[PDB]
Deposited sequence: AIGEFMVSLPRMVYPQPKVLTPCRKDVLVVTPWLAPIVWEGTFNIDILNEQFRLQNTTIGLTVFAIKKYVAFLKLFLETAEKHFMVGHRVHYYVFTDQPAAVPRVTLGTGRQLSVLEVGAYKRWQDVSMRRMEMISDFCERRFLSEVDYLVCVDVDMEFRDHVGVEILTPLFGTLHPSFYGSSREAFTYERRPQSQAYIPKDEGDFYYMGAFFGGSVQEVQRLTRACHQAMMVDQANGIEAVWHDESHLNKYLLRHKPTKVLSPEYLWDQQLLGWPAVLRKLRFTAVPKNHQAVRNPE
């Protein structure tokens, strides 16, 4: 049950005025594509706070990648779901190397010790019971990253993927999908909506568990058949999201590499960005 929004004073949306004329802001299956200028964050914050929404964030920091945690977590505290309940789940082989990061109120961090290709999907799909009990949404991201600007409840939806920053302007035949028919991740040259990057996806706990289970099972089939998809779990993620359309798509604001790609006009904000490695 959703209680009523309070009175709010904000600019009227005008039907004959779009703000964004330069980009596609809805998919052909009527999923919003999230760009700056498409959402009033005050309305969304109200909606999600009224539901006492809890967001889980999973991040893997294995071997040398524990070095990325301090900046990742400190910038998450500045930019990720501020004002909402957040539970970070840090998966690592070195619990003692997790930096001591000071968290805002309503935010928690759990260190989960693990003993590459298949680990993340397998692990997320097994934390199944814990996540269902503790959070409403799960967000699954790479650690070799920093938050530079707002990443908030505008992303939340049953299932989302993020447009890969190298391919948002590309034709589908150029997408680096797995192209060998012997792989479960196979996508022919005449199929595909978008190329989603494996570094940022999420959704409701149920839908994320469905996605990660499916990708894990498909990767195991490939392993049994002696084939490894060209971009590993990302290839499988792409196959899944082709066959199970996401209910929102994040624009490349949400996954950017400024060193590699600069700051194009179409990006009004660079929110979550690659750290050089």
Missing C-alpha runs, given along the deposited sequence, first residue counted as 1: 1 to 4, 120 to 126, 137, 290 to 298
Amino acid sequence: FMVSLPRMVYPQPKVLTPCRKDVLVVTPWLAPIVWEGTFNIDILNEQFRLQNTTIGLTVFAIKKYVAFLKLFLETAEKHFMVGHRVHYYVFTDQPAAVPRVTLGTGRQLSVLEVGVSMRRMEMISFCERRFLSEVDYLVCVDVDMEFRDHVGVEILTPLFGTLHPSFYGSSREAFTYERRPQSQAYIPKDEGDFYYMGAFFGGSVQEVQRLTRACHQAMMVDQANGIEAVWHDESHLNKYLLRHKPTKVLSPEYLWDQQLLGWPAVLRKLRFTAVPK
From here on, numbers count along this sequence of modelled residues.
Residue 116 coordinate gap across at least a third of other entries: yes
Residue range whose averaged C-alpha B-factor is higher in the record, 6 to 14 or 249 to 257: 6 to 14
Given 169 to 177 and 203 to 211, the range whose Cα B-factors average higher in the PDB entry: 169 to 177
Residue of maximum C-alpha B factor among 197, 114, 103, 156, per deposited coordinates: 114
Deposited CA B-factor, highest of 26, 242, 41, 227: 227
Position of residue 235 among the chain's modelled residues by C-alpha B-factor, lowest, middle or highest third: middle
Lowest, middle or highest third - CA B-factor, residue 36: middle
Relative C-alpha B-factor of residue 83, binned into the chain's lowest, middle or highest third: lowest
Record-listed C-alpha B factor of residue 146: chain third: middle
Residue 193 - which third its CA temperature factor falls in, relative to the rest of the chain: middle
